[PDB]
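This report refers to the structure that appears directly beneath it.
Every number here is computed from the coordinates shown, using simple stated rules; none is lab data. Here the Cβ positions follow ideal geometry from the backbone for every residue, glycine too, while neighbour counts run over all protein chains shown.
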Amino acid sequence: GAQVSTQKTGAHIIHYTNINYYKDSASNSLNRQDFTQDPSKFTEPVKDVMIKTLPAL
Amino acid sequence: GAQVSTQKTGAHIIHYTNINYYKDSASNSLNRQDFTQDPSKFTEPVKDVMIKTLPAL
Amino acid sequence: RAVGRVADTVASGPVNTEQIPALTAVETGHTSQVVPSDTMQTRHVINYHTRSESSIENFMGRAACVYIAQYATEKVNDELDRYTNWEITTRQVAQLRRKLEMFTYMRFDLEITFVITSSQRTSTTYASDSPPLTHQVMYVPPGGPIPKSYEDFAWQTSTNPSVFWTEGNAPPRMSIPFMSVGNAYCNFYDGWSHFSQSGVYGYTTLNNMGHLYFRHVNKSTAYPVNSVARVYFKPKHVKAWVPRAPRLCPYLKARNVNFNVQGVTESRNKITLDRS
Amino acid sequence: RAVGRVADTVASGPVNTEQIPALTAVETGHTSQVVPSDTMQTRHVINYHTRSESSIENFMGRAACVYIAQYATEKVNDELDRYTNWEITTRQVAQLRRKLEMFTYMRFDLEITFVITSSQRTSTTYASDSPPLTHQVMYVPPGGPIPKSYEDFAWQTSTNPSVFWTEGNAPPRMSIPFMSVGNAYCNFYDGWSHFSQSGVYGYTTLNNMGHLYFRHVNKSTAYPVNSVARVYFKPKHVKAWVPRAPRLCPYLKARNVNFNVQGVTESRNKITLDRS
Amino acid sequence: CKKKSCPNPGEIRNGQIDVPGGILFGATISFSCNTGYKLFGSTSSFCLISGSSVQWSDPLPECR
Amino acid sequence: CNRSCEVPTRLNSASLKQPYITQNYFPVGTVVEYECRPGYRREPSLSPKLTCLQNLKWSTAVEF
Amino acid sequence: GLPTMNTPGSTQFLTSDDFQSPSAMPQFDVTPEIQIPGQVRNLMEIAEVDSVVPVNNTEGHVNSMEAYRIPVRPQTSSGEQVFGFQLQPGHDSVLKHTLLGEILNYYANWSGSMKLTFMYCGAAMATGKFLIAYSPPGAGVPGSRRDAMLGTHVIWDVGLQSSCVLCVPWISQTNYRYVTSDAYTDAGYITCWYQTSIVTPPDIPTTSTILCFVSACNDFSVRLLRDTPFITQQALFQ
Amino acid sequence: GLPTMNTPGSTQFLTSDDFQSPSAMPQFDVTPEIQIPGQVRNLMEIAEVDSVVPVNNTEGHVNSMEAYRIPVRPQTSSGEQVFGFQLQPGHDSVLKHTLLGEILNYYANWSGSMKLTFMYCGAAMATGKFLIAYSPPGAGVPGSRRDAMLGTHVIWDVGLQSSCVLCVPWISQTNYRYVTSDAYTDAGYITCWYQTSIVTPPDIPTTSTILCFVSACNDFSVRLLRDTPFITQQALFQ
Amino acid sequence: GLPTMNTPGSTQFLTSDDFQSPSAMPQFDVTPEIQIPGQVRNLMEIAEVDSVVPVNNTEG
Amino acid sequence: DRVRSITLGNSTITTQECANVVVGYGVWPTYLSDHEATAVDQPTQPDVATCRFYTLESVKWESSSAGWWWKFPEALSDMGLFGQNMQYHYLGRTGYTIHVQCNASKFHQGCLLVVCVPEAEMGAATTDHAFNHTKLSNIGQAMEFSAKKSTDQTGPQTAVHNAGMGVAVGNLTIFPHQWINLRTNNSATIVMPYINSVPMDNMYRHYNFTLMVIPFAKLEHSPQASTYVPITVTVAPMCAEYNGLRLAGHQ
Ligand SMILES: CCCCCCCCCCCCC/C=C/[C@H](O)[C@H](N)CO
Ligand SMILES: CCCCCCCCCCCCC/C=C/[C@H](O)[C@H](N)CO
């Protein structure tokens, strides 16, 4: 059961191959390809939403 | 995801196999099989085209 | 756009309107979301800049040394015994400790590497023929039988994991799952150890991860040799929760968060600037 | 025909015409495109000759040494300290420097190889039993904390990449992406460093690629040993822009393009030839 | 403790001041004049200690 | 003083002129001139001179 | 067996690789996760959050709370300078030790624009106007308000909304700028000038305070990991 | 585990191989490319471009601009020799230090024909005719114009078009010729003879100048990479 | 990485094996072949050809 | 035919013995697109007020001449609104059209090489000595190569057979060039696009290229001919835009 995913190349043959050998999941490689982010918990932790064009007060 | 391309043989079993292992693109092999060329930027850098049989002046 | 790709600046024009994107209130505890195209005129550039090197797997995923374990082949004291030990804690170095006290709760799988470098002890003479030495690294869980000495049958590794290594080869590597009993590795534990608010304060009471016993498998050497075992932790599949402010003052103790006070930043001579 | 295959000569006959393929004008700055079948009678040969060994990947894609890093196990001076350093620049050797100053702007991925060869220092006696020495090569980025001495905890490689190597094995190899901040590696930078046209002149101000720190991991040796670390750069996935004229006079300095003058070519005795 | 800043070198009228290493303690700067100009003074300057504060070792050329 | 370069390189088709051949003290920025052996002839495109650099090393000696 | 051949790079310990490695506790049951609030998936989530900048460092005021307090007072002549610092968000003494300073000092490059959010912490009857300016590093430091009005600027009016965000844009010839400053990628200067004055009613004290917060916009990006020059050690901790 | 067996060639460092190798900065974001003008994809693109050849090397004229100047003057007898050199475009002193010389000296073989483009740099009222000849290396050097008219030749007439391209063809028994010359693959001789004379009106100086450019055609090819014997060193540069 | 194990016979130089080996001149363009007459594809082609035998060796 | 006419801005240039136009490396000068750009500000693009044929000072072709080199844009630093937009802006991106013109007669002889060398980094005359910023490029006067080697203490290397950079001077014909051959040619024109590894850069600490003209065949005429032939350069920017408006530089 092979897995073929996208390599990390620059933005103006682009694949790689991963076979998990060991039976656990602690024995995997690093998960270097997760770039999801949600910064509204720290930037906008407010109860009433505040539009950036309206006055906040 | 295997890639099979043409070996470099002389001109009067002719394949090879490349599996990219690492997740980046800096970790690839050399790109020894690009022979495209365009020498008209340095030989003919002129604005008006000059036919080789007509006089240039 | 792809994931982790920063946003680009839209075009803008000379406005004259009742919309104020620059005026806000910090009293609400809300960081402003002002695009640069809100307070001036900008073009339409396209940003291909990825945020790859900022994620917690790319950030924490580099191996950092945590201990320097010294042992020998002829006992001279109890600091350079025939074996040694290391109570497992990542708070003994100054580099990895600061990277782990940037978040309150972490949950990471580990992979451990040992770089074991023997070196001949000074003596009158040194000429000998030595077989390549073999090292044993046993991981005693919290509560197991520790080896009181060398030539003891607690080193039998009957159930504890143990690695062996003949000198000259690649360094050993093993991977470790999320070994806690809670649901996250508490880097900070603001509390006591006993219920009557006494005992020991802080994260010492929560760090119960065992020991790590090093020894030479080879029984003798004609002239003794002092080995140095360095342990290289590297987190992977890491989650991180509740980010802390990064620590200003440098550390003092490997179990406390004791510190000396210092200024917040480096001092200049005047608040303004002067040049025409 | 296939790619990179040079063109063949078509057949031709004895012409008598108003077409002049031989007469042209160099004043237009245009190199002539005269086929040999334009000025004489040629047959129809078929050229199978490929231009494989001329492309920039086949040309630059061979590993060339760039530094000879010397360090030891007992400090005698600051040129042969217990550690050493190397400010990363490819302008210290004479062979690879000329291959990179044939183009103005390059953009290449790198892969680095170290050939580390220890050799025993001269002394009164040499007989000892030595464990195989271990080397650490740390790459400090531009601005990081450099190690002021051996036995310093800047060598902890907490975030900087570091390779380790026990003697006897294959040489270490790691690959490096396009590490610039612009869009190409400027080999030539005709300008100054400060805005008032002063400071330092040339490409010294643009070469900011860091350092490279070498040391022995093994703490002691009974009789000291001087190691020699040679670094082997090799570009790959290379693009090249704006070709320069190749450099005539040999180099003097590793940061300047300073040079002595010489003639354009080797001199003969007379302009003509004489033999019947 | 960190290094002590020397005074600012200012500007040579019709000349060029090379500051390639800052103006801290032990830093070396240099001077030169324009085309068709004569240099009266030392070519390069150095910041050394004079009692309690840091000063330059020599004043600035004109140029002439 | 006190930091002298080593002896100039043994070129197979060049030798040192007097008085550069007998002395063993060469400071930085010194010059040495080369006449060649009685089998060889001077190439006019090159300059038969070598200098000491800052780091006690002679400049790149091409065959003269 | 299968014929192999070892490439260069075998039996090495690259400090920044990724490889599978055999587990020491096989078939281990890790404890189930729970939904802890406040997850960080990216170090740029923290760097988009404000933090008050110690602009008043002069001199020996870092050992008190007077570091963060930018003082303003009613003037006698308009056009004077409130504060001023270089824009080096990983190396300048004002900005390298804040929350945008300690995360940026772990890296070597940085891209994208920033913010500089202000907050008048004076009396509710006082009134001022200020001109906050960011000048690109061509012609040096702006000398007066007439020299600093030509660059980027924002006229902040103090009213019921007690904050104003100067968004320092990204003007550079290079795609990235170095954290520890080199003269090729110098980034500019941030000034602030008295636009009119401070005008107060009677029975109000003179010395006020302006708090300055720094943040990053949604186009910030960092690169080239390294180790911070802030936490040092000599020996191991015991 | 899997049964393998190491072939000969393991743990070696071949200086001219290609192998994948683990990256030291993983998930690094390189900077985006831009369309810089003037891309070179091949070293033969540079070798198809003209370059003036220093034919007048005699003697000690290499330390001036008199190296490139081939002099012509009104003659007393026709059929005299203008210049002459061997056709060794990587070893001969005329041709090894030009733009076709410095690229060809990085290699060991070369194929294909070449060009030799001329340019009369005399007065606009002067008039000449020349006979440029390339003779294959059988019978030695051509002695006079009668011996050189039998080989390949081109009669150049000086008019409004002030250039003429002798295209030296490819006549050889071997598919390739060596750059550093061996006697098995000798390539010939290039001469140039006064076809009629130089005839000038009065009040015009006698000594003129002809510039000679060398190039490669569209069938040139090179092989067998090596290192150039032009840039030497003794110690490292500091 | 992948778990392997070396069989007996590793790091040896058998004088009569066949193994791939990395080329020292990559992407080299060899010269094109021509039809030379008289090709030998087998050493038994020569051994089917006559040759006069020195039967009268005696003596000297 | 042999006639061409260029019109840029409010000024035009006519030639009657013109060889051709060498458009750089095959690229006409253009504006910065929305995907090559980096600066997030809005650029100022003056069409007619900047892009026009600024003429320099005419240099004299002596019989013993060696050559001259200009360094752009710093040789265009006190001409029109170019030298004013260069002060009030941090960045700047432009292409050029360089028109070198020299007429003598049909009784003179000589041949110039007119080349535009991108980033001609020049070596020192006396080594271990940083040379002056005005011995490389003054504001309006060109510079002059020497006939022999230089022995200056704080200047560049002006031996013209080594072209200043240290290369052979005859190998300069890959940089986009022409020739002014007084037998046929009269004027040489090169259209040079913006050549740099960054989209926009500073205009004062960086000379993007270098216009060198070098007499290969020297000027020789009769003694009773005209003993003064001048060489004028007429360079015009094209597709210029600037970014990051701040106060006037350039310190
Ligand atoms: C064969 C040898 C195997 C060795 C097995 C050792 C694995 C145990 C390592 C524990 C992993 C977590 C380390 C502790 C981190 C803490 O949560 C924080 N640093 C708090 O101090
Ligand atoms: C574990 C050790 C890793 C070592 C990482 C070093 C990578 C950095 C190498 C920089 C690559 C570019 C080298 C510089 C080339 C320049 O553009 C030109 N030579 C200009 O001088």
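The charge dipole of segment H:1-136, taken about its Cα centre with unit charges on the Cβ atoms of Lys, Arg (+1), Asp and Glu (-1) only, comes to about 540 debye.
Between C:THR89 and H:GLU33, the modelled labels are 5.3 nm apart [label points 7 Å from Cα along Cα→Cβ]. The overall shape of segment J:4-245 is oblate: from the C-alpha gyration tensor, with semi-axes ordered a ≥ b ≥ c, the ratio a/c is 1.5 or greater and a/b is no larger than b/c.
Could you order the peptides C:136-146, D:171-181, I:10-20 from most to least packed, using the average number of other C-beta atoms within 10 Å per residue?
Packing order, densest peptide first, comes out as D:171-181, C:136-146, I:10-20.
Please state the relative contact order of segment J:1-52 as a whole percent: Cα pairs under 8 Å, 6+ residues apart? Averaging sequence separation for qualifying contacts and normalising by length gives 42 percent for segment J:1-52. Mean projected area of the convex hull spanned by the Cα atoms of the protein assembly as shown, taken over all viewing directions: 76.2 nm². For the peptides D:109-117, H:172-180, the ranking by mean Cβ contacts within 10 Å, running from highest to lowest, is D:109-117, H:172-180. Label points for D:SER12 are taken 7 Å from Cα along Cα→Cβ. From this copy to the others they lie 6.6 nm apart, shortest first.
Between segment C:69-144 and segment D:18-72, the C-alpha centres lie 61 angstrom from each other. Other residues within the sphere of radius under 14 Å centred on the Cβ of C:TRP155, judged by their own Cβ, net out at +1 (K and R +1, D and E -1). Among J:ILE139, B:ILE14, a tally of other beta-carbon atoms within 10 Å of each Cβ gives an order, fewest to most, of B:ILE14, J:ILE139. Note on A:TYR21 and G:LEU2: the model spin-label points, each 7 Å out from Cα along the C-beta direction, lie 1.0 nm apart. Taking the fewest neighbouring Cβ atoms within 10 Å as the starting point, the ordered list for G:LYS96, D:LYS75 is D:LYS75, G:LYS96.
Partnerless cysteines in chain E, where a partner means another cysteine C-beta under 4.7 angstrom, comprise E:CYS1.
Take each residue in E:36-42, count the other chain C-beta atoms within 10 Å of its C-beta, and the mean is 1.
Taking other Cβ within 10 Å of each residue's Cβ, how do J:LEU219, H:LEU100 sort, fewest first?
Details: J:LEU219 20, H:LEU100 28.
Listing J:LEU219, H:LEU100 from fewest to most nearby Cβ atoms yields J:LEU219, H:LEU100.
Comparing C:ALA170, C:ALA22, C:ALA184 in a Gaussian network model of chain C where C-alpha atoms under 10 Å apart are linked, the largest mean-square fluctuation is found at C:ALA22. Over chain J, DSSP H runs of length four or greater, each weighted -39,500 (n - 2.57), average out per residue to a 222 nm ellipticity of 0 deg cm²/dmol.
Helical content of chain D, expressed as a calculated mean residue ellipticity at 222 nm, amounts to -1000 deg cm²/dmol (DSSP H runs of 4 or more residues, -39,500 (n - 2.57) each, divided by residue number, nearest 500).
Dipole orientation for chain D: of the candidates D:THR159, D:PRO142, D:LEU96, D:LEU96 has the Cα lying most toward the positive pole (charges on Cβ; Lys, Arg +1; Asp, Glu -1).
Taking every alpha-carbon pair under 8 Å whose residues sit at least 6 apart, chain J reaches a relative contact order of 40 percent. Think of it this way: in chain H, H:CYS164, H:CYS167, H:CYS192, H:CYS212, H:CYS217 stand alone, with no other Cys Cβ under 4.7 Å.
Residues of segment F:48-64 with an amide N closer than 19 Å to a point placed 7 Å from the Cα of D:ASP78 along the Cα-to-Cβ direction: F:54-57.
The alpha-carbon of D:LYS236 sits under 20 angstrom from the alpha-carbons of these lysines, leaving out residues fewer than 8 places away in its chain: A:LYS8, B:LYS8, B:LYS23, D:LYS99.
At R0 = 41 Å, how high is the FRET efficiency between H:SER172 and C:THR125 if r is their beta carbon distance? Nearest 0.05 is fine.
The computed FRET efficiency comes out at 0.05.
Fully extending the segment from C:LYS148 to C:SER196, taken as 0.36 nm per residue of separation minus the present Cα-Cα distance, adds 13.8 nm. With the charge dipole of chain J set up from +1 on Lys and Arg Cβ and -1 on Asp and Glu Cβ about the Cα centre, the Cα lying farthest toward the positive end among the listed residues J:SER137, J:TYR207, J:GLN251 is that of J:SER137. Helical runs (DSSP H, four residues minimum) scored at -39500 (n - 2.57) apiece and divided by the length of chain H put the mean residue ellipticity at 222 nm at -500 deg cm²/dmol. Counting Cβ atoms of other protein chains within 10 Å of each Cβ in C:69-79 and taking the mean gives 0.
A Förster radius of 22 Å, combined with the Cβ-Cβ distance separating D:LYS270 from H:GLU80, puts the computed FRET efficiency at roughly 0.95.
In debye to the nearest 20, how big a dipole does the protein assembly as shown give about its Cα centre with +1 on each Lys and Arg Cβ and -1 on each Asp and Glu Cβ?
Dipole about the Cα centre, nearest 20: 1660 debye.
Relative contact order for chain D: 29 percent, from Cα pairs under 8 Å spaced at least 6 residues apart, divided by residue count.
Partnerless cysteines in chain J, where a partner means another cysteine C-beta under 4.7 angstrom, comprise J:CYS18, J:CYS51, J:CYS102, J:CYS116, J:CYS239. Extension gain for the segment J:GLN16 to J:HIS250, taken as residue separation times 0.36 nm less the Cα-Cα distance, is 80.1 nm to one decimal. The distance between label points at C:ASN258 and F:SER4 comes to 6.1 nm (points 7 Å beyond Cα on the Cα→Cβ vector). GNM on chain C, alpha-carbon springs under 10 angstrom: the most fluctuating residue among C:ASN208, C:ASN258, C:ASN77 is C:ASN77.
By the rule of a C-alpha distance below 14 Å, with chain neighbours fewer than 8 residues away ignored, the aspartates and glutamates paired with C:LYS219 are C:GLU74, C:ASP81, C:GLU151, C:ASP152. Can you tell me which of C:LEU212, C:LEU133, C:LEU248 moves the most in a GNM of chain C? Springs connect C-alpha atoms under 10 Å apart. Of C:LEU212, C:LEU133, C:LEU248, the Gaussian network model singles out C:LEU248 as fluctuating most. Which pairs, out of B:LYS47/J:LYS148; D:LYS253/E:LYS4; D:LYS253/H:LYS115; D:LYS234/E:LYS2; D:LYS148/E:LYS4, put more than 29 Å between their alpha-carbon atoms? Violating the 29 Å Cα-Cα cut-off are B:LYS47/J:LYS148; D:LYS253/E:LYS4; D:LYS253/H:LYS115; D:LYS234/E:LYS2. Charge dipole (Cα centre; +1 on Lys/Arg Cβ, -1 on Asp/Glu Cβ; no other charges) of chain G amounts to roughly 580 debye. Calculated on C-alpha atoms, the gyration radius of chain D divided by its Kirkwood radius gives an Rg/Rh of 1.12.
The mean number of partner chain beta-carbon atoms within 10 angstrom of a residue's beta-carbon across peptide G:154-166 is 5.
Candidates D:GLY29, I:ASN42, E:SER5 compared by Cα position along the dipole of the protein assembly as shown: farthest toward the positive end lies E:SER5, with charges placed on Cβ.
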